[PDB]
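Structure first, then comments.
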Amino acid sequence: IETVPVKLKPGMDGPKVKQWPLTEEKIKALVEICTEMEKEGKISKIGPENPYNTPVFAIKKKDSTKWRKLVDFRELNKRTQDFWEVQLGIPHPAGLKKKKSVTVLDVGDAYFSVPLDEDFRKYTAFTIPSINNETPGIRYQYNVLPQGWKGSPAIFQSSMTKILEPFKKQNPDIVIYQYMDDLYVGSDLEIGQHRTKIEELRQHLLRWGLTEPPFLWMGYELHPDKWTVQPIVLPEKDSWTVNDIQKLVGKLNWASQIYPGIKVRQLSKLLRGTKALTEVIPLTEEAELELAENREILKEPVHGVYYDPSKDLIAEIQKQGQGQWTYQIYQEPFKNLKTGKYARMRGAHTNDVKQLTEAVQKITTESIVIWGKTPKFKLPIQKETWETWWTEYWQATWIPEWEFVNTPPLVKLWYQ
Amino acid sequence: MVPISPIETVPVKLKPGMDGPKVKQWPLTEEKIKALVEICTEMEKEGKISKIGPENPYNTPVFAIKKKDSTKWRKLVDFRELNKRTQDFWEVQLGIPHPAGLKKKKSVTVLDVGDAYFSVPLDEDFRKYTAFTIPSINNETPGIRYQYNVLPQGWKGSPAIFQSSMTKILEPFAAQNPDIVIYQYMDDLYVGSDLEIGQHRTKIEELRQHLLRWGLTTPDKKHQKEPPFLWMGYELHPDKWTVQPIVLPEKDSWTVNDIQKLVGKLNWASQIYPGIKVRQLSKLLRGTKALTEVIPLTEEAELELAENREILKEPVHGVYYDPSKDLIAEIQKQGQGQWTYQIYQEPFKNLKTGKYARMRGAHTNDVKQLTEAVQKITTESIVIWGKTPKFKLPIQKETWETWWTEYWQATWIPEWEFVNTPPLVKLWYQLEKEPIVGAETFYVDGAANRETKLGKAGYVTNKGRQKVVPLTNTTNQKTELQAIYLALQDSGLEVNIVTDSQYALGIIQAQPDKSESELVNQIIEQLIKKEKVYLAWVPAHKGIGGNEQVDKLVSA
Ligand SMILES: N#Cc1cc(Cl)cc(Oc2c(Br)ccc(CC(=O)Nc3ccc(S(N)(=O)=O)cc3Cl)c2F)c1
């Protein structure tokens, strides 16, 4: 019934972020959604004495056909006091990533039952804009804990604990983890049963429900031991052309920045002449051993690679063509903590930006499961193209950080 | 007495830590003080200000300014200090409507609520902070002290508090009149409807009544300003819009601030006047802010102007928006990184027009530029009409497909069609994905001495063809490009080229069609002539030979 004292950090003000342009149909959706939250007390109109703004928009979650309000709280989150007071944190469950299966559940509606600090409310301010600036923006602040705010899970943590203990002690093999508006449920079971254990975990939340949520009935399916980092692999051929050997030496030289004793002297030897690129070169005996050796070296781990929860995760993405995308997550260049590929990206066979947007979501999800935090993306796209279109294809209730690559990597190949 | 509803007050506060103002009252003439005392009496007699005791330690200076040939003073309070100490307010007037966004209505009425501005009370706890002093004649009595009971002219909060208050009052009227539109812009109200002008002046009358409930009246003599309304540099007519007259200074000498006027006014015109160009004119404002420097024109800037004045010669009109008709956007390539566009619903009737200029870069291509102009027009259109237009673009379906599928970045343009209006955006060359069978292999290398700027560029080929050219006034980067240029110059129509230059790959893999580097352009011009080029990269200093048999010849 009673709130929790929340503040900003030292000398930082509340967010003052420009609201970006919205289509008429997303404006209509937000007018209907916000008009109802107001009747239910979740939000209240505000006057011009509140100078704070956070951007707002409307998505359709995976398989639904009803609009959802998404608030881009990235700026409030950066500025929101770290919640270490009682607990040093949620010591990330290293077990979650080993489970055969992990189901992701939107428990976001839970938060709207808990009220917000009275003092803090002004910082949750957002604007439903009007077309052509014809009417002033419809201005609102939160009364209850908002979806997408970092404080929402931290405040609700105690409440979430007391809703879970029955199930967690009923099923002690199940791993359960909360990031933002999302609950992540892992097990070592077969699917039919897993699907059962999920449906059961809804009957708990529906029971604490009365004491119809709109997006609480949905379930996403991962396989984090059916994930794989990727070895570097070299071709196996009977016939090498000069071109084939130039590309091998290129990839081995690149690989040499990651791995110690990768040698190219004996294969480079083969490339000394001014030969036609399509001409076949028999490998020498030293060249065949150097190649065999390099293979051996690539079938091992990278040496001295560790996670560091003090440092940023960085995620790089290359467009490989034909709907295929490569990625790598690191903190130190050449120390990859995860690498990956995506070939099948959904129903976007002629839309590069929809594909990049799905890849960023999938990479961000993997990142939540492994380290319980989102990485900083380096997107192979112009800022203005990305900032025009990403919100049309976005389905998640979190939003990571990103920057733009403007110079084409040579490396794309070395992962092709 | 008919009970008028009071206007609920907006809680106001000073910045966190900052206190109110204490500025010395300026010494005034006897003439001026008399003028103020009369005004401040009439203001006090209306409810707007009030006399305060001496405990109030807050002073905002006051002045009297004479209206041009009006033997009559008006009162000016210099709030510039109190503003700096007043909290921030949400500002919604960042953006103003665009006339092309307006839906045409049979009847539109403009009402200015000129009186109603002071009708809005200030926050009780904040009044004390608005204190000003009328100094007495000869400074022999203590000056008459006053505080505001209403929003002052020239205060930080008055714009924002006025609008929030007008909006709150209008809400029920709009709600219960869906068949009319009211647009609030600063102190004005614009009222439109598709109703017979009987049913319309009726609904206008009701809105005067509804504004009376909060004790606000509007002119009996119906506003002297009638169509065309002159608003924010535009002209609004019943059936069309345009900008207010654009006259270009004819002159003998063109100076600096007289081009920071010719840009702004040519850009303003470009939203309806199709094919304005400002590039050769914005070229002159490069760097130098010496605001009275005569800069000579270029011979490209006198023919771009004889285009401007022939476009500005006869007036052009935009139409208003019809939500039931489709939204089309069409783009033309003008040259020198310049693009022009029209947005329309019906052939030859433009809602509006505009231009896009190439972003500052070393290297560029036409398809990237077209992509950027599409995104500019997409966002602009979302702002004005709440939707993306269908595009008509001078690029073939097959060109675009080759481009996006082979481009290393992710790219997208929304729904569009080819329009065959030269010049067509095209791909000028395409690099092979595989080495070419029976094409000569040129192994190229260049290097320069960091101290002497002396270097060499050349090649050895699989046929024993060779060249080394000595160069002066060069760098490693320039020699690496020149080597590639010599192979292109000296090979047949199909050719394989091996370089160790990460620099040259970087530029060529970005597919420039145009460059500021004259050496990159020459490379582009050879690539255009070739039937097939394959560019292979090998790492340096591995004595990849022809990169070793030519790193030892070019470092000699
Ligand atoms: N000043 C001003 C102003 C500014 C804006 Cl942004 C809008 C505005 O009124 C409207 C409105 Br409300 C709605 C549509 C338009 C465009 C339009 O239909 N204009 C128009 C429509 C009708 C008449 S009539 N027949 O009453 O003389 C006159 C005009 Cl200028 C308007 F010009 C007036």
Side-chain angles (χ1 to χ4, degrees), chain A residues 20 22-37 40 42-43 54-74 77 101-113 126 128 142 144-150 152-153 156 160 176-185 194-195 198-199 201-202 205-206 209 213-223 342 344-348 351 353-369 374 377 386 389-400 402:
Chain A
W20 56 68
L22 294 191
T23 58
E24 168 148 32
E25 74 166 345
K26 292 189 172 69
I27 289 179
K28 202 172 146 266
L30 291 169
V31 169
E32 282 174 38
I33 284 161
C34 284
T35 286
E36 292 295 305
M37 285 173 78
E40 289 165 335
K42 293 171 184 178
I43 56 165
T54 290
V56 67
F57 61 115
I59 64 177
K60 304 183 159 157
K61 279 191 79 217
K62 193 63 194 57
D63 289 345
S64 205
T65 59
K66 197 197 157 174
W67 289 103
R68 179 183 199 286
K69 174 181 189 293
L70 183 41
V71 185
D72 174 358
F73 280 124
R74 283 172 293 176
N77 281 354
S101 285
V102 168
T103 299
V104 191
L105 283 163
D106 194 350
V107 304
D109 277 82
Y111 295 138
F112 283 165
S113 76
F126 67 98
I128 307 185
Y142 275 88
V144 312
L145 299 179
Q147 298 183 129
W149 176 46
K150 99 165 169 206
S152 272
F156 197 77
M160 187 57 86
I176 283 167
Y177 174 74
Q178 194 186 34
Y179 189 76
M180 299 310 306
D181 302 345
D182 285 323
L183 220 65
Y184 294 76
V185 183
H194 198 84
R195 287 194 176 181
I198 300 307
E199 189 61 82
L201 180 51
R202 292 220 188 79
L205 277 48
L206 282 172
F215 301 106
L216 191 50
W217 62 270
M218 312 192 103
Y220 206 25
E221 304 207 63
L222 325 186
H223 307 286
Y342 298 146
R344 291 193 297 274
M345 294 300 293
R346 156 174 29 87
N351 193 329
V353 173
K354 181 161 186 145
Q355 286 171 40
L356 187 46
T357 317
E358 289 170 351
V360 164
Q361 278 169 98
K362 294 190 73 166
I363 291 154
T364 302
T365 296
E366 282 165 24
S367 191
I368 291 170
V369 171
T374 63
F377 288 82
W386 181 256
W389 295 117
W390 67 267
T391 67
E392 293 291 306
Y393 314 120
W394 197 263
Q395 309 226 275
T397 72
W398 34 259
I399 307 159
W402 47 62

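Order of the sequence lines fixes the chain letters, A, B, ..., with proteins taken first and strands second; residue numbering starts at 1 for each chain.
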How would you list, by chain and number, every residue that makes a ring pair (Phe, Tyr, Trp, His ring centres under 6.0 Å) with A:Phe156, sequence neighbours excluded? A:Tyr111, A:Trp208
Counting C-beta onward and ignoring hydrogens, is there a side-chain heavy-atom pair between A:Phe73 and A:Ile399 closer than 4.5 Å? no
Could you give the side-chain donor-acceptor pairs of residues 361-369 of chain A under 3.5 Å, partners two or more places apart or in another chain?
unit_1, atom_1, unit_2, atom_2, d
A:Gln361, OE1, A:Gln395, N, 2.7
A:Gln361, OE1, A:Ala396, N, 3.2
A:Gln361, NE2, A:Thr357, O, 3.0
A:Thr364, OG1, A:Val360, O, 2.6
A:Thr365, OG1, A:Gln361, O, 3.1
A:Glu366, OE1, A:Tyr327, OH, 2.2
A:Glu366, OE2, A:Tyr327, OH, 3.3
A:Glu366, OE2, A:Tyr342, OH, 2.4
A:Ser367, OG, A:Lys373, O, 2.8

Holding to side-chain contact (heavy atoms from CB on, under 4.5 Å), I want the full list of residues that pass it with A:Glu199, two or more places apart in sequence or in another chain. A:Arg202, A:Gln203
Can you establish whether the number of heavy atoms outside A:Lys42 located under 6.0 Å from its atom NZ is more than 12? yes
Sorted by chain and residue number, the ring pair (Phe, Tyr, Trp, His ring centres under 6.0 Å) partners of A:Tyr142 (sequence neighbours excluded) come out as A:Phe126
Side-chain ion pair, A:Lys354 and A:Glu392, N-O less than 4.0 Å: no
Judged by modelled atom types alone, do A:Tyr393 and A:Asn351 share a side-chain donor-acceptor pair under 3.5 Å? yes
Go through the structure and list residues passing side-chain contact (heavy atoms from CB on, under 4.5 Å) with A:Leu70, not counting sequence neighbours. A:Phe57, A:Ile59, A:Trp394
Only counting residues at least two apart or in another chain, list the ones meeting side-chain contact (heavy atoms from CB on, under 4.5 Å) with A:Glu25. A:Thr23, A:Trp67
Side-chain donor-acceptor pair present, A:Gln147, A:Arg68, cut-off under 3.5 Å: yes
Are A:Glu358 and A:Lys62 close enough for a salt bridge, meaning some N to O gap below 4.0 Å? no
Of all heavy-atom pairs linking A:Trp398 and A:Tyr179, the shortest is CD1-CD2, 4.1 Å
